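Dropping final-v6.txt in here (compact mmCIF, C-alpha atoms):
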# COMPACT_ATOMS: atom_id res chain seq x y z
CA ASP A 1 145.53 189.14 -11.06
CA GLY A 2 148.46 191.19 -12.47
CA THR A 3 147.70 194.56 -10.84
CA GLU A 4 150.24 197.07 -9.57
CA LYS A 5 150.77 196.86 -5.81
CA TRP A 6 153.19 199.79 -6.08
CA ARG A 7 156.05 201.23 -8.11
CA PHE A 8 159.27 202.69 -6.72
CA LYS A 9 161.12 205.37 -8.66
CA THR A 10 164.89 205.41 -9.13
CA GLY A 11 166.73 207.94 -11.25
CA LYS A 12 167.84 205.66 -14.11
CA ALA A 13 167.36 202.16 -15.56
CA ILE A 14 167.37 199.14 -13.22
CA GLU A 15 169.49 196.60 -15.05
CA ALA A 16 169.66 193.66 -12.62
CA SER A 17 167.20 191.62 -10.61
CA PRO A 18 166.29 192.71 -7.07
CA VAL A 19 167.13 190.61 -4.02
CA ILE A 20 164.83 190.04 -1.04
CA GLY A 21 166.19 189.67 2.49
CA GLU A 22 164.78 187.41 5.18
CA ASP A 23 162.92 190.31 6.82
CA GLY A 24 161.21 191.04 3.48
CA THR A 25 163.26 194.13 2.55
CA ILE A 26 163.81 194.36 -1.22
CA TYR A 27 167.26 195.51 -2.38
CA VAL A 28 167.91 196.81 -5.88
CA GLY A 29 170.70 198.74 -7.57
CA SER A 30 170.09 201.48 -10.09
CA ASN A 31 172.05 203.02 -12.92
CA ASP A 32 171.64 206.20 -10.87
CA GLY A 33 174.40 204.74 -8.66
CA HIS A 34 172.33 204.06 -5.54
CA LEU A 35 171.53 200.82 -3.79
CA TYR A 36 167.90 201.07 -2.60
CA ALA A 37 166.38 199.22 0.36
CA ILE A 38 162.59 199.12 -0.10
CA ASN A 39 160.02 198.03 2.49
CA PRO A 40 157.35 195.48 1.48
CA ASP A 41 154.81 198.33 1.38
CA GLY A 42 156.81 200.32 -1.18
CA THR A 43 158.34 202.97 1.09
CA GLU A 44 162.08 203.61 1.06
CA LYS A 45 163.92 202.08 3.99
CA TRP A 46 167.15 203.80 2.90
CA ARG A 47 169.35 204.35 -0.12
CA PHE A 48 173.14 204.13 -0.39
CA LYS A 49 175.09 206.21 -2.91
CA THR A 50 177.95 204.79 -4.96
CA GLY A 51 179.81 206.85 -7.54
CA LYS A 52 178.53 205.22 -10.73
CA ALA A 53 175.86 202.81 -11.99
CA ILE A 54 175.25 199.48 -10.25
CA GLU A 55 174.99 196.85 -13.01
CA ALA A 56 174.59 193.57 -11.07
CA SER A 57 172.39 192.26 -8.27
CA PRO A 58 173.41 192.76 -4.65
CA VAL A 59 174.21 189.72 -2.51
CA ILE A 60 173.23 189.27 1.14
CA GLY A 61 175.70 187.75 3.57
CA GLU A 62 175.08 185.35 6.43
CA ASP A 63 175.22 188.21 8.96
CA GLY A 64 172.90 190.42 6.91
CA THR A 65 175.57 192.56 5.24
CA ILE A 66 174.57 193.66 1.72
CA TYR A 67 177.34 193.53 -0.87
CA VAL A 68 177.21 195.34 -4.19
CA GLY A 69 179.74 196.19 -6.89
CA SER A 70 179.66 199.56 -8.63
CA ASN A 71 180.92 200.92 -11.93
CA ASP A 72 183.01 203.22 -9.75
CA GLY A 73 185.25 200.14 -9.26
CA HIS A 74 184.49 199.55 -5.55
CA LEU A 75 182.81 196.61 -3.86
CA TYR A 76 180.63 197.99 -1.06
CA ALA A 77 179.67 196.21 2.16
CA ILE A 78 176.51 197.84 3.57
CA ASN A 79 175.07 197.21 7.04
CA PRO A 80 171.33 196.38 7.24
CA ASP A 81 170.71 199.91 8.61
CA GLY A 82 172.18 201.50 5.47
CA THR A 83 175.54 202.68 6.78
CA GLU A 84 178.73 201.61 5.02
CA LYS A 85 180.64 198.83 6.73
CA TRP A 86 183.51 199.09 4.25
CA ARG A 87 184.38 199.57 0.63
CA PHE A 88 187.04 197.81 -1.40
CA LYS A 89 188.69 199.46 -4.40
CA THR A 90 189.38 197.62 -7.64
CA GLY A 91 190.87 199.18 -10.76
CA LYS A 92 187.81 199.21 -13.03
CA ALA A 93 184.07 198.59 -13.00
CA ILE A 94 182.65 195.50 -11.28
CA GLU A 95 180.04 194.13 -13.68
CA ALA A 96 178.95 190.89 -11.95
CA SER A 97 177.62 189.99 -8.51
CA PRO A 98 180.10 188.98 -5.79
CA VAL A 99 180.04 185.43 -4.45
CA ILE A 100 180.44 184.63 -0.73
CA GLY A 101 182.36 181.55 0.35
CA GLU A 102 181.24 179.34 3.21
CA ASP A 103 183.99 180.76 5.43
CA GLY A 104 182.73 184.30 4.66
CA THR A 105 185.36 185.33 2.08
CA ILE A 106 183.87 187.62 -0.59
CA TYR A 107 184.99 186.91 -4.16
CA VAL A 108 184.54 189.49 -6.88
CA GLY A 109 185.81 189.85 -10.43
CA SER A 110 186.70 193.21 -11.91
CA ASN A 111 187.11 194.70 -15.34
CA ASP A 112 190.71 195.29 -14.24
CA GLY A 113 191.18 191.56 -14.95
CA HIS A 114 191.67 190.31 -11.36
CA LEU A 115 189.59 188.07 -9.13
CA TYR A 116 189.69 189.53 -5.61
CA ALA A 117 189.22 187.58 -2.39
CA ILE A 118 188.18 189.93 0.44
CA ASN A 119 187.97 189.38 4.19
CA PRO A 120 184.44 189.96 5.56
CA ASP B 1 180.09 161.49 -24.60
CA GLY B 2 179.17 165.04 -25.70
CA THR B 3 177.01 164.32 -28.74
CA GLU B 4 173.97 166.33 -29.73
CA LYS B 5 170.65 164.93 -28.53
CA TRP B 6 168.74 167.54 -30.54
CA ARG B 7 168.72 171.22 -31.40
CA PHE B 8 165.73 173.57 -31.47
CA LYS B 9 165.58 176.58 -33.80
CA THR B 10 164.51 180.07 -32.88
CA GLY B 11 164.71 183.03 -35.20
CA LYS B 12 167.53 184.97 -33.54
CA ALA B 13 170.23 184.76 -30.83
CA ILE B 14 169.35 183.21 -27.46
CA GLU B 15 170.91 185.57 -24.90
CA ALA B 16 169.83 184.09 -21.53
CA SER B 17 169.97 180.66 -19.92
CA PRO B 18 167.01 178.28 -20.35
CA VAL B 19 164.94 177.28 -17.33
CA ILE B 20 163.52 173.77 -16.76
CA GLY B 21 160.05 173.14 -15.36
CA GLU B 22 159.03 170.42 -12.94
CA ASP B 23 157.58 168.35 -15.83
CA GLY B 24 160.86 168.60 -17.74
CA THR B 25 159.68 171.33 -20.15
CA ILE B 26 162.54 173.64 -21.18
CA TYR B 27 161.65 177.35 -21.41
CA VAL B 28 163.84 179.84 -23.24
CA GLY B 29 163.40 183.32 -24.63
CA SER B 30 164.87 184.42 -27.92
CA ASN B 31 165.85 187.69 -29.51
CA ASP B 32 163.07 186.86 -31.99
CA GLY B 33 160.78 187.98 -29.16
CA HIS B 34 159.16 184.59 -28.45
CA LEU B 35 159.15 182.52 -25.30
CA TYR B 36 159.57 178.86 -26.27
CA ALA B 37 158.33 175.83 -24.32
CA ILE B 38 160.26 172.81 -25.61
CA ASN B 39 159.54 169.18 -24.76
CA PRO B 40 162.40 166.96 -23.50
CA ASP B 41 162.45 165.31 -26.96
CA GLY B 42 163.08 168.69 -28.61
CA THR B 43 159.66 169.27 -30.16
CA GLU B 44 157.84 172.54 -29.52
CA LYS B 45 155.18 172.46 -26.84
CA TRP B 46 154.22 176.06 -27.64
CA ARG B 47 155.64 179.49 -28.32
CA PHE B 48 154.42 182.81 -26.97
CA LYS B 49 155.04 186.02 -28.93
CA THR B 50 156.11 189.28 -27.29
CA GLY B 51 156.82 192.45 -29.24
CA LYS B 52 160.62 192.56 -29.00
CA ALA B 53 163.63 190.51 -27.90
CA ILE B 54 163.60 188.65 -24.57
CA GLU B 55 166.93 189.33 -22.85
CA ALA B 56 166.62 187.53 -19.48
CA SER B 57 165.68 184.04 -18.33
CA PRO B 58 162.05 183.28 -17.46
CA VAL B 59 161.03 182.52 -13.88
CA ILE B 60 158.56 179.78 -12.90
CA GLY B 61 156.15 180.44 -10.04
CA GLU B 62 155.07 177.84 -7.51
CA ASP B 63 151.72 177.41 -9.24
CA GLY B 64 153.52 176.81 -12.56
CA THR B 65 153.01 180.28 -14.05
CA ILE B 66 155.93 181.30 -16.29
CA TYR B 67 157.01 184.94 -15.97
CA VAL B 68 159.16 186.64 -18.63
CA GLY B 69 160.13 190.25 -19.28
CA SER B 70 160.35 191.63 -22.79
CA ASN B 71 162.10 194.52 -24.50
CA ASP B 72 158.59 195.55 -25.50
CA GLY B 73 158.32 196.81 -21.89
CA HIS B 74 155.83 194.23 -20.57
CA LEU B 75 156.18 191.51 -17.98
CA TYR B 76 154.20 188.49 -19.24
CA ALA B 77 152.61 185.82 -17.02
CA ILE B 78 152.00 182.70 -19.10
CA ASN B 79 150.00 179.63 -18.08
CA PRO B 80 151.63 176.18 -18.40
CA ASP B 81 149.45 175.56 -21.47
CA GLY B 82 150.75 178.66 -23.29
CA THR B 83 147.73 180.88 -22.77
CA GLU B 84 148.33 184.38 -21.44
CA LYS B 85 147.42 184.84 -17.80
CA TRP B 86 148.20 188.57 -17.87
CA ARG B 87 150.72 191.12 -19.04
CA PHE B 88 151.90 194.17 -17.16
CA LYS B 89 153.10 197.33 -18.91
CA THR B 90 156.22 199.22 -17.85
CA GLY B 91 157.64 202.23 -19.60
CA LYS B 92 160.70 200.64 -21.26
CA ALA B 93 162.54 197.35 -21.81
CA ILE B 94 162.77 194.84 -18.95
CA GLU B 95 166.38 193.63 -19.04
CA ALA B 96 166.52 191.32 -15.99
CA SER B 97 164.53 188.40 -14.60
CA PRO B 98 161.68 189.09 -12.17
CA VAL B 99 161.83 187.83 -8.60
CA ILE B 100 158.97 186.34 -6.59
CA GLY B 101 158.48 187.20 -2.94
CA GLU B 102 157.25 184.81 -0.32
CA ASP B 103 153.73 186.17 -0.39
CA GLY B 104 153.77 185.72 -4.16
CA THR B 105 154.35 189.37 -5.10
CA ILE B 106 156.36 189.69 -8.32
CA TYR B 107 159.13 192.29 -8.43
CA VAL B 108 160.65 193.48 -11.70
CA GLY B 109 162.91 196.41 -12.55
CA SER B 110 162.51 198.35 -15.78
CA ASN B 111 164.67 200.56 -17.96
CA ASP B 112 162.14 203.25 -17.10
CA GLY B 113 163.88 203.38 -13.69
CA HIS B 114 161.09 201.91 -11.56
CA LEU B 115 160.96 198.77 -9.51
CA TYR B 116 157.42 197.37 -9.92
CA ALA B 117 155.64 195.17 -7.37
CA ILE B 118 152.86 193.19 -9.06
CA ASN B 119 150.08 191.14 -7.46
CA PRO B 120 150.09 187.57 -8.88
CA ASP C 1 187.24 193.93 7.93
CA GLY C 2 187.31 194.58 4.13
CA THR C 3 191.00 193.93 3.38
CA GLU C 4 192.34 191.93 0.46
CA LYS C 5 193.01 188.28 1.23
CA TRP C 6 194.59 187.82 -2.22
CA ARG C 7 194.06 188.71 -5.85
CA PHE C 8 194.42 186.59 -8.96
CA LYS C 9 195.44 188.14 -12.29
CA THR C 10 193.85 187.16 -15.59
CA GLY C 11 194.68 188.81 -18.89
CA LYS C 12 191.45 190.76 -19.49
CA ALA C 13 188.18 191.78 -17.80
CA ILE C 14 186.21 189.19 -15.81
CA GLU C 15 182.59 189.74 -16.80
CA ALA C 16 180.74 186.95 -14.94
CA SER C 17 180.48 185.82 -11.34
CA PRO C 18 182.92 183.15 -10.10
CA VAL C 19 181.59 179.72 -9.11
CA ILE C 20 182.71 177.67 -6.08
CA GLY C 21 182.89 173.92 -6.59
CA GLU C 22 181.99 171.16 -4.15
CA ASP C 23 185.65 170.83 -3.08
CA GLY C 24 186.12 174.59 -2.56
CA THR C 25 187.87 175.31 -5.88
CA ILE C 26 186.97 178.74 -7.31
CA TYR C 27 186.25 178.80 -11.06
CA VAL C 28 186.10 181.98 -13.12
CA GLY C 29 186.10 182.80 -16.82
CA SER C 30 188.02 185.68 -18.33
CA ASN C 31 187.80 187.81 -21.44
CA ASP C 32 191.30 186.43 -22.10
CA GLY C 33 189.58 183.22 -23.19
CA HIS C 34 190.67 181.01 -20.29
CA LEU C 35 188.68 179.33 -17.56
CA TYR C 36 190.72 179.52 -14.36
CA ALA C 37 190.55 177.03 -11.49
CA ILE C 38 191.84 178.79 -8.38
CA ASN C 39 192.64 177.21 -5.05
CA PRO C 40 191.24 178.84 -1.89
CA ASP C 41 194.72 180.15 -1.08
CA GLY C 42 194.76 182.04 -4.40
CA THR C 43 197.17 179.82 -6.38
CA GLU C 44 196.22 178.58 -9.83
CA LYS C 45 195.09 174.96 -9.88
CA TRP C 46 194.94 175.12 -13.68
CA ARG C 47 193.70 177.19 -16.58
CA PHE C 48 191.80 175.94 -19.62
CA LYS C 49 192.12 177.75 -22.96
CA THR C 50 189.17 178.54 -25.24
CA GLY C 51 189.45 180.59 -28.41
CA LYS C 52 187.66 183.79 -27.36
CA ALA C 53 186.24 185.56 -24.30
CA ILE C 54 184.14 183.59 -21.82
CA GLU C 55 181.16 185.84 -21.03
CA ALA C 56 179.08 183.71 -18.59
CA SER C 57 179.68 181.76 -15.40
CA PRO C 58 180.63 178.09 -15.62
CA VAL C 59 178.26 175.41 -14.35
CA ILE C 60 179.42 172.41 -12.32
CA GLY C 61 177.74 169.01 -12.62
CA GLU C 62 177.11 166.76 -9.64
CA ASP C 63 179.93 164.49 -10.89
CA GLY C 64 182.42 167.39 -10.83
CA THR C 65 182.53 168.16 -14.57
CA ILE C 66 182.79 171.90 -15.30
CA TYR C 67 180.82 173.25 -18.27
CA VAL C 68 181.52 176.61 -19.87
CA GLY C 69 180.59 178.31 -23.11
CA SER C 70 182.88 180.56 -25.09
CA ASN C 71 182.54 183.28 -27.67
CA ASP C 72 184.39 180.82 -29.93
CA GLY C 73 181.03 179.06 -30.25
CA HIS C 74 181.93 175.88 -28.34
CA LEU C 75 180.55 174.46 -25.12
CA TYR C 76 183.42 172.87 -23.16
CA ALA C 77 183.13 170.02 -20.66
CA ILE C 78 186.25 170.09 -18.45
CA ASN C 79 187.33 167.37 -16.02
CA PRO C 80 188.17 168.39 -12.43
CA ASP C 81 191.88 167.95 -13.28
CA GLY C 82 191.61 170.52 -16.05
CA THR C 83 191.68 168.18 -19.04
CA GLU C 84 189.01 168.45 -21.73
CA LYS C 85 186.25 165.88 -21.41
CA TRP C 86 184.64 167.02 -24.67
CA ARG C 87 183.93 170.10 -26.81
CA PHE C 88 180.66 170.84 -28.59
CA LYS C 89 180.47 173.23 -31.53
CA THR C 90 177.68 175.73 -32.10
CA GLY C 91 177.58 178.24 -34.93
CA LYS C 92 178.18 181.45 -32.97
CA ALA C 93 179.11 182.77 -29.52
CA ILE C 94 177.50 181.25 -26.41
CA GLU C 95 176.64 184.20 -24.19
CA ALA C 96 174.81 182.54 -21.26
CA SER C 97 175.54 179.71 -18.86
CA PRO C 98 174.36 176.17 -19.68
CA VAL C 99 171.75 174.39 -17.58
CA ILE C 100 171.73 170.74 -16.48
CA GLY C 101 168.52 168.71 -16.47
CA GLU C 102 167.66 166.08 -13.89
CA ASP C 103 168.60 163.29 -16.32
CA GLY C 104 172.02 164.85 -17.01
CA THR C 105 171.29 166.46 -20.38
CA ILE C 106 173.16 169.73 -20.89
CA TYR C 107 171.11 172.55 -22.43
CA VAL C 108 172.71 175.65 -23.92
CA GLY C 109 171.58 178.55 -26.10
CA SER C 110 173.71 180.00 -28.86
CA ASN C 111 173.86 183.24 -30.81
CA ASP C 112 173.20 181.06 -33.83
CA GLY C 113 169.64 180.97 -32.51
CA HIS C 114 169.40 177.32 -31.48
CA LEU C 115 168.83 175.69 -28.14
CA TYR C 116 171.13 172.64 -28.00
CA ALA C 117 170.54 169.52 -25.91
CA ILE C 118 173.84 167.70 -25.40
CA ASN C 119 174.40 164.18 -24.10
CA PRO C 120 176.73 164.30 -21.03
Please go through the file and, once you have read it, give me the structure as structure tokens.
Amino acid sequence: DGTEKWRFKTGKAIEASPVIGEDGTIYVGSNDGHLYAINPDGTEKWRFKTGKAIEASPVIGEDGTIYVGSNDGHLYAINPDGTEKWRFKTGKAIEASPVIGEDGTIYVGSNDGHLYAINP
Amino acid sequence: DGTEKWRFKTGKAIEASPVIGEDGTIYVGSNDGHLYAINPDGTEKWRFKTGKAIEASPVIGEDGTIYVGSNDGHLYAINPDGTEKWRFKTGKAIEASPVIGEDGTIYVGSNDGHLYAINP
Amino acid sequence: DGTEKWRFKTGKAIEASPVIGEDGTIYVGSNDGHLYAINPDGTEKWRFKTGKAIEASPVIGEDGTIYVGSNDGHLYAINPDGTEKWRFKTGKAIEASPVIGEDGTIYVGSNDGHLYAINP
């Protein structure tokens, strides 16, 4: 078929693939610095502002927390309702997706040269 | 061991990982703008031309359709036999792989800032 | 919680996601040219030197071998103990992760424009 079901506008280029949660919500970062949560019907569930572009896909944790790195150097942990659970500061931009260990530890590399292991 | 089984030429740099189909076919996009379907013995099954470089890996749907974004701005849906199923225009280059939802909807972000949801 | 469990210093930016192996070891490539194997407690298990930045995530085979491409043009197969199993030369930088077929063949694209199939 190949027809448009909908389009959803962000402010700048979307450089990484979206991620779909179990409840169908689609998550996508934008170069406009926001993480968007989009309902299956194309309406905005919420958006979360980081300070600079989001270059890599978000990752969804076992408990539903959404993790995303920003060019503002922080790794963000976002609750399913769109409020910030926490943010973790690294020295430079985070250009790749975090990885979650089986025991819940969040691993993320930074342009500051370190691999960080973070408690969930 | 580590010896070469074969090598397959494309015109320019290959910037994303190949993807392997159920039948063993290896799919890979090239900066020469073509999507290549390569047999396990390294001969070309087919190639599909897009207008500009392909920067992200293709994605294979459950029915075997091969989806690939192009810097020419279109998302291409290609049948296993190399014929075009459809192509979907966005405003600018598609730099990341599409993602397929459970109901089959295809999601793809574009450098034009939109997330597109496309009916398969 | 959101506090640092530990951090691990490499010489330059880490551009790709880390990869957790089947024994829990964390593997990550650095722009300083090394692949690092990091224990869960944050101590270095070993590091493996390539000639130039590693831009993509390593891939781990079912037998424990770790594969990683380098901007020095080589694909490296590394044993779990950090010794080189073999090294495979391509003409130019390898910018994306390899992929392993069901028969064990290693597939990898290169900036020299070829898709290589390598015997394991």
- Message: For range 93-101 of chain A, find every residue with an atom within 6 Å (counting only C-alpha atoms), except residues of its own chain fewer than 6 positions away, and show them as a list in words.
- Response: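 Residues meeting the cut-off are residues 55, 56, 57, 69, 70, 71, 72, 73, 107, 108, 110 and 111 of chain A; 15, 16 and 17 of chain C.
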- Message: With all atoms listed in the file as the counted atoms, please give the residues lying no more than 10 Å from residue 83 in chain C, apart from itself and same-chain residues fewer than 3 positions off, as number ranges by chain.
- Response: C: 46-48, 77-80, 86
- Message: Give me, as a PyMOL selection string, the residues of chain A touching chain B, with the criterion being at most 7 Å (counting all atoms listed in the file).
- Response: chain A and resi 1-18
- Counting all atoms listed in the file, select every polymer residue within 9 Å of (154.5, 186.5, -29.5) as defined in the file's coordinates, and provide the selection as a PyMOL selection string. chain B and resi 32-35+47-52
Once you have the residues from the selection above, write them out as a short mmCIF file (atom, residue, chain, number, x, y, z; two decimals), in the coordinates of the input, restricted to C-alpha atoms.
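Final output, again.cif:
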data_model
loop_
_atom_site.label_atom_id
_atom_site.label_comp_id
_atom_site.auth_asym_id
_atom_site.auth_seq_id
_atom_site.Cartn_x
_atom_site.Cartn_y
_atom_site.Cartn_z
CA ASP B 32 163.07 186.86 -31.99
CA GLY B 33 160.78 187.98 -29.16
CA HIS B 34 159.16 184.59 -28.45
CA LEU B 35 159.15 182.52 -25.30
CA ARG B 47 155.64 179.49 -28.32
CA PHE B 48 154.42 182.81 -26.97
CA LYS B 49 155.04 186.02 -28.93
CA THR B 50 156.11 189.28 -27.29
CA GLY B 51 156.82 192.45 -29.24
CA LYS B 52 160.62 192.56 -29.00
#
- Message: Between CA of residue 91 in chain A and CA of residue 59 in chain A, what distance in Å does the model show, to one decimal?
- Response: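 Between these atoms lies a distance of 20.9 Å.
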Could you model N, CA and C atoms for range 13-31 of chain C and present them as a tab-separated table (two decimals), in the frame of the given file?
chain	number	residue	atom	x	y	z
C	13	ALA	N	189.32	191.63	-18.69
C	13	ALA	CA	188.18	191.78	-17.80
C	13	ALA	C	187.48	190.45	-17.51
C	14	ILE	N	187.03	190.31	-16.27
C	14	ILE	CA	186.21	189.19	-15.81
C	14	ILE	C	184.77	189.68	-15.76
C	15	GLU	N	183.93	189.18	-16.66
C	15	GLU	CA	182.59	189.74	-16.80
C	15	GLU	C	181.51	188.98	-16.05
C	16	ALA	N	181.78	187.76	-15.57
C	16	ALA	CA	180.74	186.95	-14.94
C	16	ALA	C	181.17	186.55	-13.53
C	17	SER	N	180.19	186.17	-12.72
C	17	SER	CA	180.48	185.82	-11.34
C	17	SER	C	181.31	184.53	-11.27
C	18	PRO	N	182.21	184.42	-10.30
C	18	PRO	CA	182.92	183.15	-10.10
C	18	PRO	C	181.97	182.11	-9.52
C	19	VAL	N	182.39	180.84	-9.59
C	19	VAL	CA	181.59	179.72	-9.11
C	19	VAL	C	182.45	178.84	-8.22
C	20	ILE	N	181.96	178.51	-7.02
C	20	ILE	CA	182.71	177.67	-6.08
C	20	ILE	C	182.26	176.22	-6.23
C	21	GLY	N	183.21	175.32	-6.43
C	21	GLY	CA	182.89	173.92	-6.59
C	21	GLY	C	182.74	173.21	-5.26
C	22	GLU	N	182.31	171.95	-5.34
C	22	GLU	CA	181.99	171.16	-4.15
C	22	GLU	C	183.21	170.80	-3.32
C	23	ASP	N	184.43	170.99	-3.84
C	23	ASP	CA	185.65	170.83	-3.08
C	23	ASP	C	186.28	172.16	-2.67
C	24	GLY	N	185.60	173.28	-2.91
C	24	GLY	CA	186.12	174.59	-2.56
C	24	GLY	C	186.85	175.32	-3.67
C	25	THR	N	187.16	174.65	-4.78
C	25	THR	CA	187.87	175.31	-5.88
C	25	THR	C	187.02	176.44	-6.42
C	26	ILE	N	187.66	177.58	-6.73
C	26	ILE	CA	186.97	178.74	-7.31
C	26	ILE	C	187.23	178.76	-8.80
C	27	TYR	N	186.15	178.78	-9.60
C	27	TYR	CA	186.25	178.80	-11.06
C	27	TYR	C	185.76	180.13	-11.60
C	28	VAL	N	186.49	180.70	-12.55
C	28	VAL	CA	186.10	181.98	-13.12
C	28	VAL	C	186.60	182.05	-14.55
C	29	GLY	N	185.76	182.60	-15.43
C	29	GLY	CA	186.10	182.80	-16.82
C	29	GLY	C	186.60	184.22	-17.03
C	30	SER	N	187.42	184.40	-18.05
C	30	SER	CA	188.02	185.68	-18.33
C	30	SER	C	187.77	186.05	-19.78
C	31	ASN	N	187.79	187.36	-20.05
C	31	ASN	CA	187.80	187.81	-21.44
C	31	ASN	C	189.09	187.43	-22.15
